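Here the protein sequences line up with chains A, B, C, D and E, keeping their order.
Going by the UniProt record's numbering, the letters in the first sequence line up with residues 105, 114 to 191, 212 to 611, in that order.
Each residue of the second sequence is one higher than the last, beginning at 99 in the UniProt record's numbering.
Each residue of the third sequence is one higher than the last, beginning at 15 in the UniProt record's numbering.
Each residue of the fourth sequence is one higher than the last, beginning at 1244 in the UniProt record's numbering.
Each residue of the fifth sequence is one higher than the last, beginning at 896 in the UniProt record's numbering.
Notes to accompany the following structure.
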Amino acid sequence: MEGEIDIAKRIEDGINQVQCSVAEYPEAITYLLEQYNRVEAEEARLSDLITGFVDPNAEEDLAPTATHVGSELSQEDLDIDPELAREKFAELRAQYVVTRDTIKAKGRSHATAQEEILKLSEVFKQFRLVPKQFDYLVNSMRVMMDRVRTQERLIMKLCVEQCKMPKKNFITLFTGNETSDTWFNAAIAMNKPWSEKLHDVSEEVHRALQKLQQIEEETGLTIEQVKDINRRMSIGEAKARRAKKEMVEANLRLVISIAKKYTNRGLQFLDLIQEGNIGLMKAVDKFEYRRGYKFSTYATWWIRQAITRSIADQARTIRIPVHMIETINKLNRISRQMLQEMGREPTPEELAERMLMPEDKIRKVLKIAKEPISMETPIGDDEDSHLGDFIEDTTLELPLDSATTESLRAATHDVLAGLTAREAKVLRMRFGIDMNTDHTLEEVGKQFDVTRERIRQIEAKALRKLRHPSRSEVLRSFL
Amino acid sequence: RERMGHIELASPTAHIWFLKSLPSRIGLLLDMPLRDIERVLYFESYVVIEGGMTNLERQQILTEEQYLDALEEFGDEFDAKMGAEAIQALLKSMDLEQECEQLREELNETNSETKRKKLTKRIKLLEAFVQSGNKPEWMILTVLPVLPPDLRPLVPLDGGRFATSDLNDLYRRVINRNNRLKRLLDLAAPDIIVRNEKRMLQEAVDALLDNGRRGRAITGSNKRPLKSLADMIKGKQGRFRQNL
Amino acid sequence: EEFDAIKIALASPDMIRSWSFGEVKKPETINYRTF
Amino acid sequence: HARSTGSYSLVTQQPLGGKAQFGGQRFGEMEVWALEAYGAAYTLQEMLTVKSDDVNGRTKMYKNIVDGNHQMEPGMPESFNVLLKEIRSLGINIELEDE
Amino acid sequence: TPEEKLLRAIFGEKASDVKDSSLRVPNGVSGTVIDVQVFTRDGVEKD
């Protein structure tokens, strides 16, 4: 079987069109050197920035690193010698110096700044940037310019659709520099029957222009050339995407094949091949036809890896730890081990010296490993009787003690008055009539008498007096 | 035991108490008959018209074989759409005032058998939506309320164990039905498999509200007729007569 | 006291949004540890 | 066997029967129509609310025959006030109303 | 508990740590005993 290798050459072919495009990008370059500073002071590593290099200095020659540039999946589904490395990274700062200044203040033409970056662009292609980086550079490249598209789309429909402007009168002005108000002011000075209409939107265009320049300065490229970089990236990812749609469709038979190892466990079958299809679409992207290993073996590796992760935790109706289910079968492949030899049941004495568990707490562990049990299950009547219909309630008092609890929390404050005014008024007129008790330096001025000593004495002396209310009760209920 | 919740479903889903309850309420007012069109489009790929180019039909389907041939030439735009995605957009884009008079004049022009047979349930239903303060676009549930935890308790039985209702399982499933059709199929899959997925959503939603109507739901371990909502409510597992 | 007549009408997302306070996304129930 | 007071469920809220305590005779429907024939009234609504379903009307009644008084009229059944929510989760809204 | 000592302080303050939680006779009619068996962890093969 084959019919997947001949079309596999179309994959890496499209990636090459992305490698070059990303090269000419200041933001993608600044992050490179800026991250290098985290290596000198020892905070990160060159492992998550560079994996290798290349000998030729043209357009690739060996299986590239860019794998998540033409993937069909979403961004959420895309997740050497150190001495030689530091040597090449020192070559970038030997030229990035002049570039570090032409971005801060620049001038009127951005073509001069990018001209110097072009030389560095050739060097950036030599480095084997980690595929993880492409998930940030390319991603933050289509989003950064995403706002530019809309920001310039509003002003486009506020004069062409609103002020009624011909397409031949907007493509000859806004297409010019689309930076300053040199295209807008030139429209009104054109003494056209429609030029005297942009005055009713000049305020909206101005705000949509000033904020627009902010993004242009943030990137450091010309709004006209910045589109050229991305427009050619959609060509390489398209030729590879459609080329991989024939491998993730004719290989759906292998997904169900290995889907018989994780059936009834915790997840349904409909959601079983879910992690199986997403895995096949990942392997096809990181597949190399120039490798000894085939595809029917390399692809089934990531498939069984995505299905063993979902059912690894969210299997039961309730969350369950990882080792709690791996500790069961652990004591299983040893129980029969001593039964096939001796012939007797392994008593909890010999296994207590080989394991890290004593013998008492290990018994309570099994109590946790259950289903446990439903509620709507027939018992005896099999008509109206349910498992969850025989458990008595404790939060809701029954009519039997409903009259008792009521007479045990509303009758003490009646006989309380019949007691020494001093000691009784202290506790009663504190939290019973007001809020919060025990203030110390405040209670001493509440009765105007003793100090902070009787704050504890009066309360204690009163406690033993609460023994009086026998038939009446209030305090004996909170606990 | 009071108050409820909801779940923002990315993919619209018609209700079940208004679909199988003849006469239809989510299709009848939409020119759709009752079963010979509003049941087949839910299954495998069956592209149906919901809009219209220039004076077309609102019942005629469209074969996939004639789909790729009606893109370039020989055809126009053709507002193509899958299954459940084409049922809520119509309710909001229809006028009960004008549409009512369109079928009112169709009771003597044509024979009472080819069209009038169905049109008899058109003026009656619509008249109710006008007299009352309602609106056609309320039959589609974009969200789904949650049953109070008091009706689905979770209290330990005996031995350090616990006790939960199987109804809870019908909530942990629906979550995986929607989030999957967001960042995996609706921007990657060709088309010969993305349709099947959308078919599973509608079947997984109408199962919770009322199980036993269409495509009975089965839990993971230990089969047994899985319990839902409406089933436990009125008690349909006993054919009513032997009520509690 | 007592009950008289009963009113019935369709349910709208605008009304259901009132009783509800939020949306559930995590299928996870409760914990067996601290309950 | 004879029962007067016992435990009750939560969602169901009905008389049960444990070990130490006896069980209550379930008033079957077969004895309901035989009562309706006479054309009674209060003796029919009692065998549906306080004496089974109604909870807050069961406790209040217990505190009425103890002092030698009389129990007032029952309230709203629990198997009825929960149905309002049971039906509420079916895409349909239900609301009560007086006169 | 402190609040508990209040109740027993009225009916003779004598709260011991351990109590008598023996199996009481179920409702109905009692009767004499036949035999008594005690297996305080025998050296046999008990489960």
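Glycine is no exception: its CB is placed at the ideal position from the N, C-alpha and C atoms.
Looking at the backbone, the Cα of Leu286 of chain A and that of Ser334 of chain A are separated by about 12 Å. Among the residues facing chain A, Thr48 of chain C is not included, as its CB has no counterpart in that chain under 9 Å away. Under a criterion of Cβ atoms nearer than 8 Å, the residues of chain C adjacent to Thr449 of chain A are, in order, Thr43. Within its own chain, no residue has a Cβ closer than 6 Å to the Cβ of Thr479 of chain A once the five positions on either side in sequence are excluded. Excluding the 5 residues flanking it on each side, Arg436 of chain A has same chain C-beta neighbours closer than 7 Å at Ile390, in chain order. Counting only the Cα atoms, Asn294 of chain B lies some 14 Å from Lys179 of chain B.
Boundaries cannot be given for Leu384 of chain A, as no alpha helix (DSSP H) includes it and DSSP labels it neither H nor E.
When B:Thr152, B:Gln158, B:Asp264, B:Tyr165 are compared, the shortest CA-CA separation from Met507 of chain A is found for B:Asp264.
Between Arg1331 of chain D and chain B, the shortest Cβ-Cβ separation is below 9 Å. Around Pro531 of chain A, the beta-carbon contacts reaching into chain D at under 7 Å are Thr1248, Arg1301, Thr1302, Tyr1305. Across the structure, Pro897 of chain E and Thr1248 of chain D are spaced so that their CA atoms are roughly 33 Å apart. Taking C-beta separations shorter than 7 Å and ignoring five residues to either side along the sequence, the partners of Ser253 of chain A in its chain run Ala135, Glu136, following chain order. The C-beta of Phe610 of chain A comes closer than 9 Å to at least one C-beta of chain E.
Short of 6 Å from the beta carbon of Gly182 of chain A, and not among the five residues preceding or following it, lie these beta carbons of its own chain, in chain order: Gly126, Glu369, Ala372, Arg373.
For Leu341 of chain A, the enclosing alpha helix (DSSP H) stretches over residues 334 to 351. Among the residues facing chain B, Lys1328 of chain D is included, as its CB has a counterpart in that chain under 9 Å away. If you draw a straight line from the Cα of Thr449 of chain A to the Cα of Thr526 of chain A, it comes to about 26 Å.
For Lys21 of chain C, the enclosing beta strand (DSSP E) starts and ends at 20 to 24. Of the residues A:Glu350, A:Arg441, A:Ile367, the one whose Cα lies closest to the Cα of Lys238 of chain A is A:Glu350. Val280 of chain A places its beta carbon 9 Å or farther from that of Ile361 of chain A. For the pair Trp315 of chain A and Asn323 of chain A, the CB atoms are not nearer than the 9 Å cut-off. Secondary structure of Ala156 of chain A (DSSP, three-state): coil. By the neighbour-count definition (other C-beta atoms within 10 Å, threshold 16), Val145 of chain B is a buried residue. Cβ neighbours of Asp308 of chain B within its own chain (closer than 6 Å, five residues either side excluded): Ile114, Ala328.
Cβ neighbours of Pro1317 of chain D within its own chain (closer than 6 Å, five residues either side excluded): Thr1292, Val1293, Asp1297, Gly1300. Around the beta-carbon of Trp1276 of chain D, fewer than 16 other beta-carbon atoms lie within 10 Å, marking it exposed. The beta carbons of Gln129 of chain A and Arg363 of chain A sit about 11 Å from each other, so the pair does not count as a contact at 8 Å. Put simply, of A:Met288, A:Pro138, A:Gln187, A:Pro298 the residue whose alpha carbon is nearest the alpha carbon of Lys236 of chain A is A:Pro138.
Around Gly1266 of chain D, the same chain offers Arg1246, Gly1260 as residues with beta carbons nearer than 6 Å, after the five sequence neighbours per side are excluded.
Taking CB atoms only, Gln446 of chain A has a neighbour in chain C less than 9 Å away. In the three-state reduction of the DSSP assignment, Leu901 of chain E falls in the helix class. At least one CB of chain C lies nearer than 9 Å to the CB of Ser230 of chain B.
The secondary-structure analysis by DSSP pairs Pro323 of chain B across a beta bridge with B:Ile316. In terms of Cα proximity to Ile105 of chain B, the closest of B:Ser119, B:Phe338, B:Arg271 is B:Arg271.
The three-state secondary structure of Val576 of chain A, taken from DSSP, is helix. Here DSSP, grouped into helix, strand and coil, assigns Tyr425 of chain A to coil.
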